[PDB]
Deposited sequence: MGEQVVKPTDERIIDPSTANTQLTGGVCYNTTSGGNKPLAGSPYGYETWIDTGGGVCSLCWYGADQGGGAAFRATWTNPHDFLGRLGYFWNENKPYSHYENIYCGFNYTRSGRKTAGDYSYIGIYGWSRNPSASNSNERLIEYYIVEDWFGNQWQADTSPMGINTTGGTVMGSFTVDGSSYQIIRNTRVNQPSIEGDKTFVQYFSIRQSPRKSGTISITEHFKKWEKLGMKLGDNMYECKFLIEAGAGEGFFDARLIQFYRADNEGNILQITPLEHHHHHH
């Protein structure tokens, strides 16, 4: 079928756990994607000035897989820090072939990120020809982990009481079942202004802080359930989102790579 890449440039996430230094930090809302020097990636921050101090610090092009970052928040109102591929060039997900992300991070503990929080992969896509106007804009999450809250352990996967919406199905990939959820955001803020749009989630049933995410596998399973992504992928980034609380996220590894079905590398970052 799809051959898992074995290219030696891929960093084993399980043992990629050395603390990084020399971050470059951003303490305010970026106003969208901002390209990173000497990198294929871009970052984005949403730091609501109604709340306390937040930051995202990129570890640079030449260590940690190239997309590693730290983030901090002190009583935010829905802090989002993210870094990874920025696309928005009128292409469907399949144009990018098999997308993978190897990761390894530390984070603050249970109940340090408010009542909801998300760690994993995030983006948007556009599908203007969709018959249902609600489905012409999509926000998406592949949720590897979260901070739990007062009511629920961070070792317990979030459900529809947190995400909203409807369980569509599930599947198993990368060592865990994932619950697939579709939610409609009615007259809510988006990359296209206040409107109605849909959210797609895959929630990892066994939360984790390191491993590899076979991102394209999620996209395929969503589309099979009728959760279509359309023909203009916006981005595919590694995200930390914190509803509130005082906490941190600190990646030793975030490495994106893309491979075709034979498993040959199309894109990867970064003598003895």
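What the model leaves out of the deposited chain are the segments 1 to 3, 274 to 279.
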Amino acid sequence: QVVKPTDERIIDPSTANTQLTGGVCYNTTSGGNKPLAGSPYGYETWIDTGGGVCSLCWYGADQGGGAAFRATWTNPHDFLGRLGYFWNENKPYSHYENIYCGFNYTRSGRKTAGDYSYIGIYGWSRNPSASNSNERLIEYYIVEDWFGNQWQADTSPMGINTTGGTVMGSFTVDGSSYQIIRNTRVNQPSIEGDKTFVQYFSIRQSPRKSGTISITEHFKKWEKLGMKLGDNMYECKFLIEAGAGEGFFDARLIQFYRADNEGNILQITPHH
From here on, numbers count along this sequence of modelled residues.
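Of the two segments, 127 to 135 and 171 to 179, the one listed with the higher mean B-factor is 127 to 135 (C-alpha atoms only).
When the C-alpha B-factors of 29 to 37 and 239 to 247 are averaged, 29 to 37 comes out higher. Annotation for 107, 82, 110, 91: 91 ranks highest, by Cα B-factor.
Residue 102: CA B factor in the lowest third of modelled residues in this chain (values from the PDB entry). The entry lists a Cα temperature factor for residue 148 that places it in the lowest third of the chain's modelled residues. Ranked against the other modelled residues of its chain, the C-alpha B-factor of residue 216 as given in the entry falls in the lowest third.
Ranked by C-alpha B-factor against the other modelled residues of its chain, residue 224 falls in the highest third. The PDB entry assigns residue 67 a C-alpha temperature factor belonging to the lowest third of its chain's modelled residues.
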